[PDB]
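Following: one structure in structure tokens, then a few remarks.
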Amino acid sequence: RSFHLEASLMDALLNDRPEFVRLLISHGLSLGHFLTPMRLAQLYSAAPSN
């Protein structure tokens, strides 16, 4: 379903895993509802402190 791939790609962005990222989008996603500001904020929260 949608949310499984959504969370999988969320973790795939949090960690590097470029092959996992490329295969996830190669499956085909929406890219219209995956880019909400709260997802953007929680991705930004993964920045290293140091």
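All residue names refer to the structure tokens as shown: chains lettered A, B, ... in order, residues numbered from 1 in each chain, ligands numbered from 1 in order.
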Non-local contacts of region 36-49 of chain A (12 Å; only C-alpha atoms; under 3 positions in same chain excluded) as a PyMOL selection string
chain A and resi 6-7+9-16+30-33
What does the structure give for the distance between CA of residue 21 (chain A) and CA of residue 8 (chain A), in Å to one decimal?
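Taking CA of residue 21 (chain A) and CA of residue 8 (chain A), their separation equals 8.8 Å.
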Enumerate, as a PDB file with N, CA, C and O atoms, in the first residue's frame, the complete set of residues in chain A that a backbone-based DSSP assignment places in alpha helix (DSSP H).
ATOM      1  N   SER A   2       0.196   2.416   0.082  1.00  0.00           N
ATOM      2  CA  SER A   2       0.910   3.686   0.012  1.00  0.00           C
ATOM      3  C   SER A   2       1.805   3.890   1.229  1.00  0.00           C
ATOM      4  O   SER A   2       2.998   4.178   1.087  1.00  0.00           O
ATOM      5  N   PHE A   3       1.249   3.721   2.432  1.00  0.00           N
ATOM      6  CA  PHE A   3       1.963   4.104   3.649  1.00  0.00           C
ATOM      7  C   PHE A   3       3.193   3.242   3.900  1.00  0.00           C
ATOM      8  O   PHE A   3       4.178   3.729   4.469  1.00  0.00           O
ATOM      9  N   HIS A   4       3.161   1.969   3.499  1.00  0.00           N
ATOM     10  CA  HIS A   4       4.342   1.127   3.658  1.00  0.00           C
ATOM     11  C   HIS A   4       5.526   1.696   2.888  1.00  0.00           C
ATOM     12  O   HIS A   4       6.612   1.880   3.450  1.00  0.00           O
ATOM     13  N   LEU A   5       5.326   2.004   1.605  1.00  0.00           N
ATOM     14  CA  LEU A   5       6.384   2.620   0.813  1.00  0.00           C
ATOM     15  C   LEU A   5       6.724   4.017   1.310  1.00  0.00           C
ATOM     16  O   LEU A   5       7.885   4.428   1.236  1.00  0.00           O
ATOM     17  N   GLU A   6       5.734   4.759   1.814  1.00  0.00           N
ATOM     18  CA  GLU A   6       6.007   6.085   2.363  1.00  0.00           C
ATOM     19  C   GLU A   6       6.996   6.004   3.520  1.00  0.00           C
ATOM     20  O   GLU A   6       8.021   6.692   3.525  1.00  0.00           O
ATOM     21  N   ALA A   7       6.713   5.144   4.501  1.00  0.00           N
ATOM     22  CA  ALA A   7       7.611   4.994   5.642  1.00  0.00           C
ATOM     23  C   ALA A   7       8.946   4.388   5.224  1.00  0.00           C
ATOM     24  O   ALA A   7      10.002   4.763   5.754  1.00  0.00           O
ATOM     25  N   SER A   8       8.920   3.443   4.279  1.00  0.00           N
ATOM     26  CA  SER A   8      10.161   2.842   3.804  1.00  0.00           C
ATOM     27  C   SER A   8      11.067   3.885   3.167  1.00  0.00           C
ATOM     28  O   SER A   8      12.271   3.910   3.428  1.00  0.00           O
ATOM     29  N   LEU A   9      10.501   4.775   2.347  1.00  0.00           N
ATOM     30  CA  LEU A   9      11.301   5.830   1.738  1.00  0.00           C
ATOM     31  C   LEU A   9      11.689   6.895   2.754  1.00  0.00           C
ATOM     32  O   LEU A   9      12.740   7.529   2.616  1.00  0.00           O
ATOM     33  N   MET A  10      10.867   7.100   3.784  1.00  0.00           N
ATOM     34  CA  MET A  10      11.248   8.010   4.859  1.00  0.00           C
ATOM     35  C   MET A  10      12.523   7.524   5.538  1.00  0.00           C
ATOM     36  O   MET A  10      13.482   8.285   5.713  1.00  0.00           O
ATOM     37  N   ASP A  11      12.556   6.239   5.895  1.00  0.00           N
ATOM     38  CA  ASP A  11      13.769   5.661   6.466  1.00  0.00           C
ATOM     39  C   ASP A  11      14.900   5.627   5.444  1.00  0.00           C
ATOM     40  O   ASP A  11      16.074   5.794   5.799  1.00  0.00           O
ATOM     41  N   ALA A  12      14.567   5.402   4.170  1.00  0.00           N
ATOM     42  CA  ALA A  12      15.568   5.374   3.112  1.00  0.00           C
ATOM     43  C   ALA A  12      16.214   6.731   2.893  1.00  0.00           C
ATOM     44  O   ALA A  12      17.324   6.796   2.358  1.00  0.00           O
ATOM     45  N   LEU A  13      15.528   7.808   3.256  1.00  0.00           N
ATOM     46  CA  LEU A  13      16.140   9.129   3.237  1.00  0.00           C
ATOM     47  C   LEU A  13      16.881   9.416   4.538  1.00  0.00           C
ATOM     48  O   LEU A  13      17.949  10.038   4.517  1.00  0.00           O
ATOM     49  N   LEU A  14      16.342   8.956   5.670  1.00  0.00           N
ATOM     50  CA  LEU A  14      17.031   9.149   6.943  1.00  0.00           C
ATOM     51  C   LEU A  14      18.407   8.489   6.932  1.00  0.00           C
ATOM     52  O   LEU A  14      19.392   9.082   7.384  1.00  0.00           O
ATOM     53  N   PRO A  18      21.435   4.228  -0.828  1.00  0.00           N
ATOM     54  CA  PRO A  18      21.018   4.760  -2.134  1.00  0.00           C
ATOM     55  C   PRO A  18      20.382   3.726  -3.044  1.00  0.00           C
ATOM     56  O   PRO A  18      19.484   4.066  -3.823  1.00  0.00           O
ATOM     57  N   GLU A  19      20.828   2.470  -2.977  1.00  0.00           N
ATOM     58  CA  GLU A  19      20.204   1.425  -3.782  1.00  0.00           C
ATOM     59  C   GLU A  19      18.756   1.207  -3.363  1.00  0.00           C
ATOM     60  O   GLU A  19      17.867   1.064  -4.214  1.00  0.00           O
ATOM     61  N   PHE A  20      18.503   1.187  -2.053  1.00  0.00           N
ATOM     62  CA  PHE A  20      17.138   1.060  -1.560  1.00  0.00           C
ATOM     63  C   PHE A  20      16.286   2.235  -2.020  1.00  0.00           C
ATOM     64  O   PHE A  20      15.142   2.051  -2.457  1.00  0.00           O
ATOM     65  N   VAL A  21      16.838   3.450  -1.956  1.00  0.00           N
ATOM     66  CA  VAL A  21      16.100   4.620  -2.430  1.00  0.00           C
ATOM     67  C   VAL A  21      15.755   4.474  -3.909  1.00  0.00           C
ATOM     68  O   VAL A  21      14.598   4.664  -4.321  1.00  0.00           O
ATOM     69  N   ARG A  22      16.753   4.139  -4.732  1.00  0.00           N
ATOM     70  CA  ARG A  22      16.521   4.096  -6.169  1.00  0.00           C
ATOM     71  C   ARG A  22      15.511   3.014  -6.525  1.00  0.00           C
ATOM     72  O   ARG A  22      14.658   3.224  -7.391  1.00  0.00           O
ATOM     73  N   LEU A  23      15.560   1.864  -5.845  1.00  0.00           N
ATOM     74  CA  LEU A  23      14.578   0.824  -6.138  1.00  0.00           C
ATOM     75  C   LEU A  23      13.182   1.242  -5.689  1.00  0.00           C
ATOM     76  O   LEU A  23      12.192   0.967  -6.382  1.00  0.00           O
ATOM     77  N   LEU A  24      13.080   1.926  -4.543  1.00  0.00           N
ATOM     78  CA  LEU A  24      11.771   2.367  -4.070  1.00  0.00           C
ATOM     79  C   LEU A  24      11.111   3.312  -5.065  1.00  0.00           C
ATOM     80  O   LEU A  24       9.945   3.122  -5.431  1.00  0.00           O
ATOM     81  N   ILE A  25      11.836   4.337  -5.519  1.00  0.00           N
ATOM     82  CA  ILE A  25      11.223   5.236  -6.501  1.00  0.00           C
ATOM     83  C   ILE A  25      11.065   4.548  -7.857  1.00  0.00           C
ATOM     84  O   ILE A  25      10.112   4.830  -8.595  1.00  0.00           O
ATOM     85  N   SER A  26      11.961   3.617  -8.203  1.00  0.00           N
ATOM     86  CA  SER A  26      11.810   2.896  -9.462  1.00  0.00           C
ATOM     87  C   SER A  26      10.533   2.070  -9.476  1.00  0.00           C
ATOM     88  O   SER A  26       9.975   1.803 -10.546  1.00  0.00           O
ATOM     89  N   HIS A  27      10.059   1.649  -8.301  1.00  0.00           N
ATOM     90  CA  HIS A  27       8.740   1.033  -8.235  1.00  0.00           C
ATOM     91  C   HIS A  27       7.649   2.007  -8.661  1.00  0.00           C
ATOM     92  O   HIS A  27       6.705   1.610  -9.355  1.00  0.00           O
ATOM     93  N   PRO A  37       5.063  19.397   4.466  1.00  0.00           N
ATOM     94  CA  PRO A  37       6.001  20.130   5.334  1.00  0.00           C
ATOM     95  C   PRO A  37       6.390  19.384   6.598  1.00  0.00           C
ATOM     96  O   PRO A  37       7.515  19.560   7.077  1.00  0.00           O
ATOM     97  N   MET A  38       5.507  18.558   7.163  1.00  0.00           N
ATOM     98  CA  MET A  38       5.882  17.836   8.375  1.00  0.00           C
ATOM     99  C   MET A  38       6.889  16.729   8.073  1.00  0.00           C
ATOM    100  O   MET A  38       7.821  16.501   8.856  1.00  0.00           O
ATOM    101  N   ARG A  39       6.740  16.050   6.930  1.00  0.00           N
ATOM    102  CA  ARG A  39       7.783  15.127   6.490  1.00  0.00           C
ATOM    103  C   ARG A  39       9.094  15.864   6.257  1.00  0.00           C
ATOM    104  O   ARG A  39      10.166  15.372   6.630  1.00  0.00           O
ATOM    105  N   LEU A  40       9.027  17.050   5.646  1.00  0.00           N
ATOM    106  CA  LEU A  40      10.237  17.845   5.456  1.00  0.00           C
ATOM    107  C   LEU A  40      10.897  18.171   6.790  1.00  0.00           C
ATOM    108  O   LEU A  40      12.123  18.081   6.926  1.00  0.00           O
ATOM    109  N   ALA A  41      10.095  18.551   7.785  1.00  0.00           N
ATOM    110  CA  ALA A  41      10.636  18.903   9.093  1.00  0.00           C
ATOM    111  C   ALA A  41      11.282  17.702   9.773  1.00  0.00           C
ATOM    112  O   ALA A  41      12.361  17.822  10.365  1.00  0.00           O
ATOM    113  N   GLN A  42      10.642  16.531   9.704  1.00  0.00           N
ATOM    114  CA  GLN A  42      11.215  15.375  10.388  1.00  0.00           C
ATOM    115  C   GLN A  42      12.441  14.845   9.650  1.00  0.00           C
ATOM    116  O   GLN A  42      13.322  14.231  10.263  1.00  0.00           O
ATOM    117  N   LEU A  43      12.521  15.069   8.334  1.00  0.00           N
ATOM    118  CA  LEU A  43      13.774  14.795   7.630  1.00  0.00           C
ATOM    119  C   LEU A  43      14.867  15.768   8.050  1.00  0.00           C
ATOM    120  O   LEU A  43      16.023  15.371   8.242  1.00  0.00           O
ATOM    121  N   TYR A  44      14.525  17.052   8.187  1.00  0.00           N
ATOM    122  CA  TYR A  44      15.503  18.037   8.633  1.00  0.00           C
ATOM    123  C   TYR A  44      15.990  17.734  10.043  1.00  0.00           C
ATOM    124  O   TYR A  44      17.133  18.051  10.393  1.00  0.00           O
TER     125      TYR A  44
END
